[PDB]
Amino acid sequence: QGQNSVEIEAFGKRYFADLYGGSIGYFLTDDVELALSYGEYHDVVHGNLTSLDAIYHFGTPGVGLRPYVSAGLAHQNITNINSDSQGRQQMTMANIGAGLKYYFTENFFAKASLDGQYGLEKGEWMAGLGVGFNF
C-alpha cells in the first residue's frame, strides 16, 4: 500500500434505488488517493454515474482500519421511461463522503461508505459497501 499503489474496487450503494459499480484508484501519497468510478443504477429508470474523487485516508497504510473522507465531481446520465413520457437527462453533481476501509490483509479491503451527491443549479445520500485489492 502507500504512495504509488493502485486499488481496484467493486461497490454497491443504496439511497436512503441501487448503484452497482467499480473503481480504479491511485495513491498520490500514503494518504491521498485519486479514484475514477463508474456505476449503473438498478431497482428504481436506467442510467449511470461516473465520478472522480479525491480520498483522504486516516490511519496508516498496512493491515487495519483506515477511515476516510472524500470529495469529487460526478456526471449522471439517466433515462426515464414512464407510462406517457420518456426522456434523458445528463447532470453534473458534487460529491462528499466518508467511510471505513478495513485492510484485512496487506492487499485486500472491505469498505462501508456514506456518500452525498449535490445538485449544482438554482442532496441525495447513499450508504454502501465495497471490496477491493491494492497492489
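All residue numbers are counted from 1 along the displayed sequence.
The segment from residue 44 to residue 45 is interrupted, since 10 or more residues of the deposited sequence in that interval carry no coordinates.
Gap between residue 16 and residue 17: 4 to 9 deposited residues without coordinates. Of the two segments examined, 86-94 and 66-74, it is 86-94 that shows the higher average Cα temperature factor in the deposited entry. Averaged over CA atoms, B-factors in the entry run higher in 76-84 than in the other of 76-84 and 24-32. When the CA B factors of the chain's modelled residues are split into thirds, the value for residue 120 lands in the highest one.
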